[PDB]
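Only one chain is included here, represented as structure tokens and corresponding to the form deposited in one PDB entry.
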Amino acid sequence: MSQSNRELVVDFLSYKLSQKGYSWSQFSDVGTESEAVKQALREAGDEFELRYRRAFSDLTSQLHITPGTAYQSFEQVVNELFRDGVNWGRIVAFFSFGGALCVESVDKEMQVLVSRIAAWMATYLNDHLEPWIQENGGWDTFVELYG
């Protein structure tokens, strides 16, 4: 499910970037069921962020993202997020976190980071979350659970 997982990351980040007025195409040169999955994840991300906006700018601000330090900051936080297991809420939180890091990157004129974060997120999804996702019925489970 590897290429589908990259498309999911790109769709979600493109959406979050557009909510802040930013255009994916400037940072990167990158059926029915994929559309349902993308839409459920955009909506869950919106709902997660609804009651965590200006204070989850705070967290990302506290990490002091820079091109030299972003990878370890991203990976250490994600490793702790999933250290004792996976559930759909944590996966939504993972997407939202990586979205917040991309927005912060563009705000700080560190646009090179957008395509890197997307790569790191797709790699993590495919290497460390896809086994759990598949044993929990695939992304269609998420579409049903969210609605």
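Don't overthink the numbering: it's just position in the shown sequence, from 1. Heads up, when I say rigid core I mean the largest set of C-alphas that superpose within 1.5 Å between the two forms.
The protein also exists as the form deposited in another entry; that form is not presented, and the subsequent description refers to it.
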Q. If you line up the core, does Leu41 shift 2 angstroms or more at its C-alpha between this form and the one not shown?
A. no
Q. Rigid core fitted, is the C-alpha displacement of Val86 between this form and the one not shown 2 Å or more?
A. no
(Q) Please state whether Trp120 has a C-alpha shift of 2 Å or more between this form and the one not shown, with the rigid core used for the fit. (A) yes
Q | Distance trend in the other entry - C-alpha atoms of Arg54 and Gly85, change of 3 Å or more | A | closer
Q) Would one find the Cα atoms of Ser105 and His64 closer or farther in the other entry than in this form, where their distance changes by 3 Å or more? A) closer
